[PDB]
Each structure stands twice: as C-alpha cells, then as structure tokens.
$ cat my_file-v1.cif   # mmCIF, C-alpha atoms and all ligand atoms
data_structure
#
loop_
_atom_site.group_PDB
_atom_site.id
_atom_site.type_symbol
_atom_site.label_atom_id
_atom_site.label_comp_id
_atom_site.auth_asym_id
_atom_site.auth_seq_id
_atom_site.Cartn_x
_atom_site.Cartn_y
_atom_site.Cartn_z
ATOM 1 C CA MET V 1 51.588 -87.313 -13.433
ATOM 2 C CA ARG V 2 49.201 -85.939 -10.793
ATOM 3 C CA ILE V 3 49.761 -82.486 -9.320
ATOM 4 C CA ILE V 4 47.936 -80.267 -6.820
ATOM 5 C CA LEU V 5 48.320 -76.482 -6.967
ATOM 6 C CA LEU V 6 47.906 -74.740 -3.598
ATOM 7 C CA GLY V 7 47.753 -71.041 -2.851
ATOM 8 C CA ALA V 8 45.703 -68.044 -1.844
ATOM 9 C CA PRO V 9 43.281 -66.438 -4.299
ATOM 10 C CA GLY V 10 45.166 -64.664 -7.049
ATOM 11 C CA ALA V 11 48.464 -66.400 -6.306
ATOM 12 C CA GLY V 12 48.945 -67.414 -9.959
ATOM 13 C CA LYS V 13 47.831 -71.069 -9.958
ATOM 14 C CA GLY V 14 45.659 -70.956 -13.075
ATOM 15 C CA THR V 15 48.264 -68.960 -14.991
ATOM 16 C CA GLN V 16 50.940 -71.608 -14.436
ATOM 17 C CA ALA V 17 48.498 -74.485 -14.965
ATOM 18 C CA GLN V 18 48.552 -73.823 -18.708
ATOM 19 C CA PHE V 19 52.304 -74.414 -18.894
ATOM 20 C CA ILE V 20 52.180 -77.623 -16.761
ATOM 21 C CA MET V 21 49.331 -79.021 -18.901
ATOM 22 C CA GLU V 22 51.480 -78.753 -22.097
ATOM 23 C CA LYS V 23 54.584 -80.234 -20.378
ATOM 24 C CA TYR V 24 52.926 -83.521 -19.268
ATOM 25 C CA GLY V 25 50.026 -83.553 -21.761
ATOM 26 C CA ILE V 26 47.528 -83.752 -18.864
ATOM 27 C CA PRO V 27 44.174 -81.936 -18.477
ATOM 28 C CA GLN V 28 43.469 -79.148 -15.898
ATOM 29 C CA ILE V 29 40.710 -79.906 -13.301
ATOM 30 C CA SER V 30 39.766 -76.363 -12.234
ATOM 31 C CA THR V 31 36.846 -76.391 -9.800
ATOM 32 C CA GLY V 32 36.341 -72.645 -10.208
ATOM 33 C CA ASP V 33 36.134 -73.005 -13.980
ATOM 34 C CA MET V 34 33.771 -75.974 -13.676
ATOM 35 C CA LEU V 35 31.455 -74.280 -11.172
ATOM 36 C CA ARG V 36 31.251 -71.123 -13.281
ATOM 37 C CA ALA V 37 30.481 -73.262 -16.337
ATOM 38 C CA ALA V 38 27.745 -75.161 -14.503
ATOM 39 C CA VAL V 39 26.126 -71.849 -13.558
ATOM 40 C CA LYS V 40 26.346 -70.515 -17.115
ATOM 41 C CA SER V 41 24.841 -73.678 -18.636
ATOM 42 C CA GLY V 42 22.367 -74.300 -15.813
ATOM 43 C CA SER V 43 23.734 -77.795 -15.219
ATOM 44 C CA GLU V 44 21.962 -79.546 -12.347
ATOM 45 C CA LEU V 45 25.364 -80.552 -10.929
ATOM 46 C CA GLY V 46 26.893 -77.236 -9.944
ATOM 47 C CA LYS V 47 24.473 -74.425 -10.766
ATOM 48 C CA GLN V 48 23.827 -74.241 -7.004
ATOM 49 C CA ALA V 49 27.155 -72.403 -6.690
ATOM 50 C CA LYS V 50 25.881 -69.115 -8.154
ATOM 51 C CA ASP V 51 24.837 -67.365 -4.936
ATOM 52 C CA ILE V 52 27.729 -68.876 -2.960
ATOM 53 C CA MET V 53 30.451 -67.679 -5.325
ATOM 54 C CA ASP V 54 28.833 -64.233 -5.511
ATOM 55 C CA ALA V 55 29.142 -63.980 -1.714
ATOM 56 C CA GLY V 56 32.797 -65.055 -1.726
ATOM 57 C CA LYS V 57 32.072 -68.241 0.245
ATOM 58 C CA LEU V 58 33.122 -71.810 -0.457
ATOM 59 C CA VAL V 59 30.774 -74.248 -2.173
ATOM 60 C CA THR V 60 29.871 -77.313 -0.119
ATOM 61 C CA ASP V 61 32.503 -80.049 -0.020
ATOM 62 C CA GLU V 62 29.853 -82.572 -1.070
ATOM 63 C CA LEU V 63 29.016 -80.700 -4.274
ATOM 64 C CA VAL V 64 32.585 -80.070 -5.447
ATOM 65 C CA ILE V 65 33.705 -83.604 -4.563
ATOM 66 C CA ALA V 66 31.003 -84.996 -6.847
ATOM 67 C CA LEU V 67 32.005 -82.605 -9.648
ATOM 68 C CA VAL V 68 35.633 -83.729 -9.454
ATOM 69 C CA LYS V 69 34.801 -87.437 -9.207
ATOM 70 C CA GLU V 70 32.740 -87.182 -12.398
ATOM 71 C CA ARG V 71 35.504 -85.254 -14.152
ATOM 72 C CA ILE V 72 38.479 -87.463 -13.278
ATOM 73 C CA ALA V 73 36.594 -90.635 -14.232
ATOM 74 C CA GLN V 74 36.784 -89.685 -17.902
ATOM 75 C CA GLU V 75 39.277 -91.073 -20.375
ATOM 76 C CA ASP V 76 41.472 -87.979 -20.667
ATOM 77 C CA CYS V 77 42.478 -88.232 -16.979
ATOM 78 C CA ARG V 78 43.660 -91.853 -17.222
ATOM 79 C CA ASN V 79 47.353 -90.886 -17.376
ATOM 80 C CA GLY V 80 47.282 -87.970 -14.932
ATOM 81 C CA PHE V 81 45.713 -84.601 -14.303
ATOM 82 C CA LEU V 82 46.363 -81.235 -12.675
ATOM 83 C CA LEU V 83 44.171 -80.256 -9.716
ATOM 84 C CA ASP V 84 43.725 -76.464 -9.712
ATOM 85 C CA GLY V 85 41.527 -75.193 -6.879
ATOM 86 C CA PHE V 86 40.820 -78.660 -5.441
ATOM 87 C CA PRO V 87 41.176 -79.741 -2.690
ATOM 88 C CA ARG V 88 40.158 -76.523 -0.944
ATOM 89 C CA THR V 89 39.362 -77.921 2.527
ATOM 90 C CA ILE V 90 40.592 -80.764 4.701
ATOM 91 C CA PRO V 91 37.432 -82.853 4.077
ATOM 92 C CA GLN V 92 38.047 -82.486 0.335
ATOM 93 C CA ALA V 93 41.628 -83.682 0.811
ATOM 94 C CA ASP V 94 40.431 -86.568 2.987
ATOM 95 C CA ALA V 95 37.870 -87.514 0.329
ATOM 96 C CA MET V 96 40.708 -87.816 -2.195
ATOM 97 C CA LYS V 97 42.651 -90.118 0.106
ATOM 98 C CA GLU V 98 39.584 -92.225 0.946
ATOM 99 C CA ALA V 99 39.046 -92.540 -2.827
ATOM 100 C CA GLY V 100 42.663 -93.547 -3.444
ATOM 101 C CA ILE V 101 43.707 -90.427 -5.368
ATOM 102 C CA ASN V 102 47.368 -89.994 -4.496
ATOM 103 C CA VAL V 103 49.401 -87.286 -6.224
ATOM 104 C CA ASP V 104 53.037 -86.912 -7.222
ATOM 105 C CA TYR V 105 53.590 -83.201 -6.461
ATOM 106 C CA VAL V 106 51.935 -80.552 -4.301
ATOM 107 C CA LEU V 107 53.061 -77.055 -5.335
ATOM 108 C CA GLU V 108 52.372 -74.111 -3.014
ATOM 109 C CA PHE V 109 52.190 -70.632 -4.584
ATOM 110 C CA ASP V 110 53.058 -68.059 -1.918
ATOM 111 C CA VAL V 111 51.833 -64.476 -2.328
ATOM 112 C CA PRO V 112 51.338 -61.915 0.479
ATOM 113 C CA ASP V 113 47.772 -60.947 1.342
ATOM 114 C CA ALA V 114 48.523 -57.321 0.437
ATOM 115 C CA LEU V 115 49.084 -58.101 -3.269
ATOM 116 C CA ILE V 116 45.893 -60.070 -3.864
ATOM 117 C CA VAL V 117 43.308 -57.362 -4.530
ATOM 118 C CA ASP V 118 45.533 -55.682 -7.151
ATOM 119 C CA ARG V 119 45.893 -58.988 -9.001
ATOM 120 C CA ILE V 120 42.182 -59.643 -9.118
ATOM 121 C CA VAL V 121 41.016 -56.136 -10.076
ATOM 122 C CA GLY V 122 43.084 -56.469 -13.261
ATOM 123 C CA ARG V 123 42.066 -60.059 -14.007
ATOM 124 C CA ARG V 124 40.283 -60.755 -17.300
ATOM 125 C CA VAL V 125 39.236 -64.227 -18.442
ATOM 126 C CA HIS V 126 38.222 -66.213 -21.509
ATOM 127 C CA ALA V 127 35.523 -68.398 -19.986
ATOM 128 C CA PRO V 128 35.236 -71.041 -22.769
ATOM 129 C CA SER V 129 38.881 -72.086 -22.307
ATOM 130 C CA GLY V 130 39.782 -70.945 -18.794
ATOM 131 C CA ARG V 131 42.645 -68.753 -20.022
ATOM 132 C CA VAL V 132 43.483 -65.918 -17.623
ATOM 133 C CA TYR V 133 45.048 -62.508 -18.298
ATOM 134 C CA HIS V 134 45.927 -59.348 -16.364
ATOM 135 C CA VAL V 135 45.582 -55.930 -17.975
ATOM 136 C CA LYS V 136 48.956 -54.821 -16.541
ATOM 137 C CA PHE V 137 50.953 -57.853 -15.368
ATOM 138 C CA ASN V 138 50.111 -60.361 -18.137
ATOM 139 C CA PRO V 139 48.072 -58.630 -20.837
ATOM 140 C CA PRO V 140 46.586 -60.203 -23.959
ATOM 141 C CA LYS V 141 48.406 -59.700 -27.233
ATOM 142 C CA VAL V 142 45.410 -57.654 -28.427
ATOM 143 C CA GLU V 143 43.711 -55.472 -25.828
ATOM 144 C CA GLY V 144 40.532 -57.077 -24.534
ATOM 145 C CA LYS V 145 40.751 -60.165 -26.770
ATOM 146 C CA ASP V 146 41.624 -63.811 -26.189
ATOM 147 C CA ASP V 147 44.931 -64.702 -27.857
ATOM 148 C CA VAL V 148 43.585 -67.936 -29.373
ATOM 149 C CA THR V 149 39.968 -67.224 -30.376
ATOM 150 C CA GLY V 150 39.935 -63.415 -30.577
ATOM 151 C CA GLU V 151 36.809 -63.311 -28.413
ATOM 152 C CA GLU V 152 36.211 -60.381 -26.073
ATOM 153 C CA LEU V 153 37.495 -61.074 -22.565
ATOM 154 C CA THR V 154 35.232 -60.707 -19.531
ATOM 155 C CA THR V 155 35.542 -59.833 -15.856
ATOM 156 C CA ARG V 156 34.442 -62.536 -13.428
ATOM 157 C CA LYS V 157 31.395 -61.499 -11.430
ATOM 158 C CA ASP V 158 33.120 -62.410 -8.148
ATOM 159 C CA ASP V 159 36.258 -60.386 -9.003
ATOM 160 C CA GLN V 160 35.241 -57.368 -6.937
ATOM 161 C CA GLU V 161 37.353 -55.933 -4.127
ATOM 162 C CA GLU V 162 34.881 -56.753 -1.345
ATOM 163 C CA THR V 163 34.317 -60.302 -2.621
ATOM 164 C CA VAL V 164 38.047 -60.992 -2.842
ATOM 165 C CA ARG V 165 38.479 -59.875 0.775
ATOM 166 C CA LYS V 166 35.865 -62.428 1.829
ATOM 167 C CA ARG V 167 37.560 -65.101 -0.286
ATOM 168 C CA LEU V 168 40.820 -64.348 1.534
ATOM 169 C CA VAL V 169 39.156 -64.835 4.923
ATOM 170 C CA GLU V 170 37.742 -68.176 3.779
ATOM 171 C CA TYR V 171 41.162 -69.169 2.455
ATOM 172 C CA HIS V 172 42.889 -68.590 5.790
ATOM 173 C CA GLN V 173 40.030 -70.240 7.722
ATOM 174 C CA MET V 174 39.594 -73.437 5.679
ATOM 175 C CA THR V 175 42.214 -73.760 2.925
ATOM 176 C CA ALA V 176 45.569 -72.606 4.312
ATOM 177 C CA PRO V 177 45.614 -75.665 6.648
ATOM 178 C CA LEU V 178 46.224 -77.777 3.532
ATOM 179 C CA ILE V 179 49.821 -76.512 3.529
ATOM 180 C CA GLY V 180 50.454 -78.379 6.769
ATOM 181 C CA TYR V 181 48.296 -81.306 5.636
ATOM 182 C CA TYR V 182 50.349 -81.974 2.506
ATOM 183 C CA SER V 183 53.654 -81.016 4.126
ATOM 184 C CA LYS V 184 53.090 -83.923 6.514
ATOM 185 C CA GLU V 185 52.120 -86.199 3.631
ATOM 186 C CA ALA V 186 55.493 -85.365 2.084
ATOM 187 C CA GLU V 187 57.250 -85.928 5.417
ATOM 188 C CA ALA V 188 55.691 -89.414 5.376
ATOM 189 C CA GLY V 189 56.908 -90.003 1.814
ATOM 190 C CA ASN V 190 53.448 -90.007 0.222
ATOM 191 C CA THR V 191 54.042 -87.057 -2.135
ATOM 192 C CA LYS V 192 56.559 -84.369 -3.057
ATOM 193 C CA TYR V 193 56.027 -80.850 -1.697
ATOM 194 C CA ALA V 194 57.532 -77.605 -2.967
ATOM 195 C CA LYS V 195 56.874 -73.918 -2.342
ATOM 196 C CA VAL V 196 57.459 -71.154 -4.885
ATOM 197 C CA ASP V 197 57.594 -67.366 -4.564
ATOM 198 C CA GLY V 198 54.545 -66.186 -6.492
ATOM 199 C CA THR V 199 55.571 -62.519 -6.430
ATOM 200 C CA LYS V 200 58.141 -63.090 -9.190
ATOM 201 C CA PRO V 201 57.200 -62.391 -12.821
ATOM 202 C CA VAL V 202 55.164 -65.051 -14.593
ATOM 203 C CA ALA V 203 58.107 -66.307 -16.647
ATOM 204 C CA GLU V 204 60.300 -66.659 -13.544
ATOM 205 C CA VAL V 205 57.648 -68.608 -11.641
ATOM 206 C CA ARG V 206 57.371 -70.880 -14.680
ATOM 207 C CA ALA V 207 61.129 -71.454 -14.642
ATOM 208 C CA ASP V 208 61.102 -72.179 -10.905
ATOM 209 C CA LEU V 209 58.379 -74.782 -11.467
ATOM 210 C CA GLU V 210 60.438 -76.267 -14.302
ATOM 211 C CA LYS V 211 63.373 -76.835 -11.949
ATOM 212 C CA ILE V 212 61.162 -78.497 -9.331
ATOM 213 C CA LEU V 213 59.456 -80.782 -11.865
ATOM 214 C CA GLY V 214 62.426 -81.550 -14.143
HETATM 215 N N1 LIG V 301 37.264 -76.671 -4.332
HETATM 216 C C1 LIG V 301 36.322 -75.763 -4.051
HETATM 217 N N2 LIG V 301 35.589 -75.905 -2.955
HETATM 218 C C2 LIG V 301 34.642 -74.970 -2.693
HETATM 219 N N3 LIG V 301 34.380 -73.920 -3.439
HETATM 220 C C3 LIG V 301 35.116 -73.757 -4.560
HETATM 221 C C4 LIG V 301 36.105 -74.690 -4.877
HETATM 222 N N4 LIG V 301 36.675 -74.300 -6.015
HETATM 223 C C5 LIG V 301 36.068 -73.164 -6.401
HETATM 224 N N5 LIG V 301 35.123 -72.825 -5.519
HETATM 225 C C6 LIG V 301 34.238 -71.670 -5.592
HETATM 226 O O1 LIG V 301 34.677 -70.829 -6.646
HETATM 227 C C7 LIG V 301 34.949 -69.510 -6.113
HETATM 228 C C8 LIG V 301 36.164 -68.888 -6.866
HETATM 229 O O2 LIG V 301 37.242 -69.828 -6.788
HETATM 230 P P1 LIG V 301 38.467 -69.630 -7.768
HETATM 231 O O3 LIG V 301 38.043 -69.909 -9.160
HETATM 232 O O4 LIG V 301 39.603 -70.605 -7.351
HETATM 233 O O5 LIG V 301 38.964 -68.070 -7.645
HETATM 234 P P2 LIG V 301 39.931 -67.310 -6.595
HETATM 235 O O6 LIG V 301 39.655 -67.731 -5.241
HETATM 236 O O7 LIG V 301 39.758 -65.778 -6.730
HETATM 237 O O8 LIG V 301 41.505 -67.740 -6.978
HETATM 238 P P3 LIG V 301 42.113 -68.380 -8.364
HETATM 239 O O9 LIG V 301 42.562 -69.836 -8.111
HETATM 240 O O10 LIG V 301 41.121 -68.314 -9.493
HETATM 241 O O11 LIG V 301 43.467 -67.521 -8.718
HETATM 242 P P4 LIG V 301 44.918 -68.119 -9.160
HETATM 243 O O12 LIG V 301 45.678 -68.591 -7.996
HETATM 244 O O13 LIG V 301 44.682 -69.273 -10.164
HETATM 245 O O14 LIG V 301 45.725 -66.916 -9.895
HETATM 246 P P5 LIG V 301 45.626 -66.359 -11.406
HETATM 247 O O15 LIG V 301 46.401 -67.288 -12.341
HETATM 248 O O16 LIG V 301 44.141 -66.258 -11.837
HETATM 249 O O17 LIG V 301 46.285 -64.924 -11.381
HETATM 250 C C9 LIG V 301 45.617 -63.919 -10.718
HETATM 251 C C10 LIG V 301 45.783 -62.619 -11.498
HETATM 252 O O18 LIG V 301 47.154 -62.161 -11.399
HETATM 253 C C11 LIG V 301 47.809 -62.330 -12.643
HETATM 254 N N6 LIG V 301 49.083 -62.990 -12.373
HETATM 255 C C12 LIG V 301 49.242 -64.314 -12.409
HETATM 256 N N7 LIG V 301 50.537 -64.607 -12.098
HETATM 257 C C13 LIG V 301 51.176 -63.448 -11.865
HETATM 258 C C14 LIG V 301 52.491 -63.120 -11.514
HETATM 259 N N8 LIG V 301 53.464 -64.020 -11.323
HETATM 260 N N9 LIG V 301 52.844 -61.857 -11.347
HETATM 261 C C15 LIG V 301 51.915 -60.924 -11.524
HETATM 262 N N10 LIG V 301 50.657 -61.128 -11.854
HETATM 263 C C16 LIG V 301 50.261 -62.414 -12.033
HETATM 264 C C17 LIG V 301 46.932 -63.184 -13.566
HETATM 265 O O19 LIG V 301 47.053 -62.743 -14.918
HETATM 266 C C18 LIG V 301 45.547 -62.861 -13.025
HETATM 267 O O20 LIG V 301 45.025 -61.677 -13.625
HETATM 268 C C19 LIG V 301 35.289 -69.754 -4.668
HETATM 269 O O21 LIG V 301 35.070 -68.575 -3.894
HETATM 270 C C20 LIG V 301 34.261 -70.859 -4.293
HETATM 271 O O22 LIG V 301 32.982 -70.261 -4.100
#
$ encode --input "my_file-v1.cif" --output "structure tokens" --more "lines below"
Ligand SMILES: Nc1ncnc2c1ncn2[C@@H]1O[C@H](COP(=O)(O)OP(=O)(O)OP(=O)(O)OP(=O)(O)OP(=O)(O)OC[C@H]2O[C@@H](n3cnc4c(N)ncnc43)[C@H](O)[C@@H]2O)[C@@H](O)[C@H]1O
Amino acid sequence: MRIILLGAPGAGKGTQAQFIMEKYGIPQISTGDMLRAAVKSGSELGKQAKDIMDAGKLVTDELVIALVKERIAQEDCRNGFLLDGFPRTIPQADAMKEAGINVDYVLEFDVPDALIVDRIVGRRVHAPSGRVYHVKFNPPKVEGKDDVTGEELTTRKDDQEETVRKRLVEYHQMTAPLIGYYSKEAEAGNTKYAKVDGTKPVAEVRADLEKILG
C-alpha cells in the first residue's frame, strides 16, 4: 500500500499518519521530520535545510528528492509506505513518476487558511519519533510529555506565526497545484483520490479515512 497525504500546513496530515501506519504496517516517509533530523545530527544530506526552514521557504526539489530516494530504497519500504509532506511541488511529483513510484491513494486534507496559525501555535512535538500533539485540540496524556517515552515535548523552531504565514504562501504558490495534478491522475485511472474535511475532530477525520481506505 502506497499513500500520499496532501494538504496545507497544519491540516492534520502527520496526526493521521500514525493511524494509517498501524493499519497497513507501513512506515511514514515524512520529509519535514527527516530534514529536521538531518539538521539536528549534522548529516551531510539535509543539514542544508536549516536556514531555509527557518525562513518558511521550501527546500530545493533536488535535495528532498535524494532524501526520499535513499529512504524508500530500504527494506522496510518494500511492501509500501506513506508519503507525508512529499511530493510538495510538481517537479517532485514528476520525479516520482519518472522513477516509477506509483501510489494507490492520494488523500487531500482540507482546512481553511484562517485556522492554520491557531493549529501551529499549539503544536508540540516529540522529535525522536515524529509524534505530534496540540496543547488544546489533541493534548498529551501528561502535560508536556510524550505519551510513549515520557520525554519533554518541544516546540518546532519554525512554528512561529510569521513563519507559518510564509509557509502558507509557499503552499498556495507551489504545492496546492498538486491537488489538480493528482486529481487528473485519478481521472486517468492511475490512482485513487479522496478529499476529507480536516476541520472535524481528530477521531472523526480518522473514521472518515477508514471509510475511504476500507
Ligand atoms: N517535500 C518538501 N520539499 C521542500 N521542502 C520541504 C519538504 N518537506 C518539508 N520541507 C521543509 O520543511 C518545512 C516544514 O515542513 P513540514 O514539516 O511539512 O511543516 P508544515 O508545513 O508546518 O505542515 P505539517 O505537514 O507538519 O502539518 P500537518 O498537516 O502534518 O498537521 P499536524 O498533524 O502537525 O497538525 C497540526 C496541529 O493541529 C493539531 N491537529 C491535528 N489534527 C487536528 C484536528 N483534526 N483538529 C484539530 N486540531 C488538529 C495537531 O495536534 C497539531 O498540533 C517546510 O517549510 C520546508 O522548508
């Protein structure tokens, strides 16, 4: 099973990724998680993203494409994977097709622009695992702590109001066109496309995705 999650920043993609991963027993390929990890570890492949992410801009297609190629070549992706934040531009989507990476489902998470800053100001993360929380809308079971490891949650450095605004501009400029791109792929019978209302509570979005996936 191969799935792409599409949506504006803060739409809920990473939150629902956890539930899809357990359903199909497939790993999550999160380019945001991988770029942040490369910066933290100083890995030659990806540390370049530090200044770009801080400015709210997109990392070069060339750099992310190489990160994903390396990741999906490993044994745990042999029987499927979940793409979460990739592709983010048309050239990234074209690179997947040129490389013969078809997918079974493309799932669009729709959230109005006006809700996005509130979602990100309350976002707290557990960087080692990628788990995501929200202090109001989806809080940890213990305040400030990861549910699984008990480690103190952090706030992403790019989760500031002004940076999220810039991310939203970049999304509409370069990423939103992927909705039409993959809608046409579905019209041609190359994948399945579905849109969900991301303003519903987390558990209701999860149930809506269950009905689409079966
Ligand atoms: N492919 C690529 N090409 C180029 N550059 C790339 C790239 N990939 C990454 N980058 C770089 O990395 C930077 C950051 O990218 P990225 O890591 O993708 O961050 P982002 O743009 O801010 O959006 P996310 O995908 O992290 O949010 P989400 O849709 O998963 O929602 P979430 O579950 O967290 O939920 C949001 C919040 O709301 C809460 N919430 C979730 N669901 C609900 C709900 N249903 N109701 C209420 N609250 C909810 C959550 O708890 C959370 O707190 C980019 O600017 C770029 O520089």
$ residues_near_ligand --input "my_file-v1.cif" --ligand "ligand LIG 301 (chain V)" --cutoff "6 Å" --atoms "all atoms listed in the file" --output "compact mmCIF listing (two decimals) with C-alpha atoms, in the frame of the given file"
# COMPACT_ATOMS: atom_id res chain seq x y z
CA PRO V 9 43.28 -66.44 -4.30
CA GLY V 10 45.17 -64.66 -7.05
CA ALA V 11 48.46 -66.40 -6.31
CA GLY V 12 48.94 -67.41 -9.96
CA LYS V 13 47.83 -71.07 -9.96
CA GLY V 14 45.66 -70.96 -13.08
CA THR V 15 48.26 -68.96 -14.99
CA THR V 31 36.85 -76.39 -9.80
CA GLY V 32 36.34 -72.64 -10.21
CA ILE V 52 27.73 -68.88 -2.96
CA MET V 53 30.45 -67.68 -5.32
CA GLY V 56 32.80 -65.06 -1.73
CA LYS V 57 32.07 -68.24 0.24
CA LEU V 58 33.12 -71.81 -0.46
CA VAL V 59 30.77 -74.25 -2.17
CA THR V 60 29.87 -77.31 -0.12
CA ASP V 61 32.50 -80.05 -0.02
CA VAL V 64 32.58 -80.07 -5.45
CA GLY V 85 41.53 -75.19 -6.88
CA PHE V 86 40.82 -78.66 -5.44
CA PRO V 87 41.18 -79.74 -2.69
CA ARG V 88 40.16 -76.52 -0.94
CA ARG V 119 45.89 -58.99 -9.00
CA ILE V 120 42.18 -59.64 -9.12
CA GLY V 122 43.08 -56.47 -13.26
CA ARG V 123 42.07 -60.06 -14.01
CA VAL V 132 43.48 -65.92 -17.62
CA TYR V 133 45.05 -62.51 -18.30
CA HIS V 134 45.93 -59.35 -16.36
CA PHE V 137 50.95 -57.85 -15.37
CA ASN V 138 50.11 -60.36 -18.14
CA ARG V 167 37.56 -65.10 -0.29
CA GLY V 198 54.54 -66.19 -6.49
CA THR V 199 55.57 -62.52 -6.43
CA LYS V 200 58.14 -63.09 -9.19
CA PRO V 201 57.20 -62.39 -12.82
CA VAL V 202 55.16 -65.05 -14.59
$ resolve_selection --input "my_file-v1.cif" --expression "the PyMOL selection byres (((chain V and resi 95-106) around 7) and not hetatm)" --output "list in words"
residues 1, 2, 3, 4, 5, 91, 92, 93, 94, 107, 108, 191, 192, 193 and 194 of chain V
$ residues_around --input "my_file-v1.cif" --residues "range 207-212 of chain V" --least-positions-apart "3" --cutoff "8 Å" --atoms "only C-alpha atoms" --output "VMD selection string"
chain V and resid 194 196 203 to 204
$ residues_around --input "my_file-v1.cif" --residues "residue 77 in chain V" --least-positions-apart "6" --cutoff "12 Å" --atoms "all atoms listed in the file" --output "count of residues only"
15
$ resolve_selection --input "my_file-v1.cif" --expression "the PyMOL selection byres (((chain V and resi 162) around 12) and not hetatm)" --output "compact mmCIF listing (two decimals) with C-alpha atoms, in the coordinates of the input"
# COMPACT_ATOMS: atom_id res chain seq x y z
CA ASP V 54 28.83 -64.23 -5.51
CA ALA V 55 29.14 -63.98 -1.71
CA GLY V 56 32.80 -65.06 -1.73
CA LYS V 57 32.07 -68.24 0.24
CA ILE V 116 45.89 -60.07 -3.86
CA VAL V 117 43.31 -57.36 -4.53
CA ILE V 120 42.18 -59.64 -9.12
CA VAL V 121 41.02 -56.14 -10.08
CA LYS V 157 31.40 -61.50 -11.43
CA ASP V 158 33.12 -62.41 -8.15
CA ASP V 159 36.26 -60.39 -9.00
CA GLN V 160 35.24 -57.37 -6.94
CA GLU V 161 37.35 -55.93 -4.13
CA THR V 163 34.32 -60.30 -2.62
CA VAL V 164 38.05 -60.99 -2.84
CA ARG V 165 38.48 -59.88 0.78
CA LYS V 166 35.86 -62.43 1.83
CA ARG V 167 37.56 -65.10 -0.29
CA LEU V 168 40.82 -64.35 1.53
CA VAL V 169 39.16 -64.83 4.92
$ atom_distance --input "my_file-v1.cif" --atom1 "CA of residue 111 in chain V" --atom2 "CA of residue 80 in chain V"
27.0 Å
$ atom_distance --input "my_file-v1.cif" --atom1 "CA of residue 139 in chain V" --atom2 "CA of residue 36 in chain V"
22.3 Å
$ atom_distance --input "my_file-v1.cif" --atom1 "CA of residue 34 in chain V" --atom2 "CA of residue 46 in chain V"
7.9 Å
